[PDB]
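**Student:** Sequence below, structure please.
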Amino acid sequence: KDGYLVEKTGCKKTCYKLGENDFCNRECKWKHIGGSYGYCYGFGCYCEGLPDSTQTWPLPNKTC
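**Tutor:** Numbers count the residues shown, from 1 in each chain. Below is the structure:
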């Protein structure tokens, strides 16, 4: 399953380097989550392999 990562306040994380963006990848595998691959796609840290128990963007009714 693929999804987008959020931020502390819930906002997303856009980047200026598309493609293998270590920044997004590092923030993807951050800790226990199951992110097999995490790169920036469409100006944003995108990840693939997030369990349903993982919070992704956008957020619930409580958007940023």
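**Student:** buried residues in stretch 57-64?
**Tutor:** By neighbour count, and taking 16 or more other Cβ atoms under 10 Å as the criterion, the buried residues in stretch 57-64 are residue 57. In this view, the C-beta of every residue, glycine as well, is placed from N, C-alpha and C.
**Student:** no wait, stretch 48-55
**Tutor:** Using 16+ other Cβ under 10 Å as the test for burial, stretch 48-55 gives residue 50.
**Student:** now what about that stretch, what contacts it?
**Tutor:** 1-3, 6, 33-38, 56 (Cβ atoms under 8 Å, 6 or more residues apart in numbering).
**Student:** so which of these comes closest to residue 21?
**Tutor:** Residue 21 has its nearest neighbour among the contacts of stretch 48-55 in residue 38, at 8.5 Å by Cβ to Cβ.
**Student:** What is the three-state secondary structure of that closest one?
**Tutor:** Per DSSP: H, G, I helix; E, B strand; the rest coil, the secondary structure class of residue 38 is strand.
**Student:** the helices in the protein, which residues?
**Tutor:** When assigned using DSSP state H, the helices of the chain occupy the ranges 22-28.
**Student:** re the thing from before, neighbour count and distance to residue 26 for the contacts of stretch 48-55 - can I get that in TSV?
**Tutor:** Below are those laid out as TSV (neighbours: other Cβ atoms under 10 Å; distance: Cβ to Cβ, whole Å):
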residue	neighbour count	distance to residue 26
1	11	20
2	11	18
3	17	17
6	18	16
33	17	12
34	12	16
35	20	10
36	11	14
37	13	13
38	25	8
56	16	17
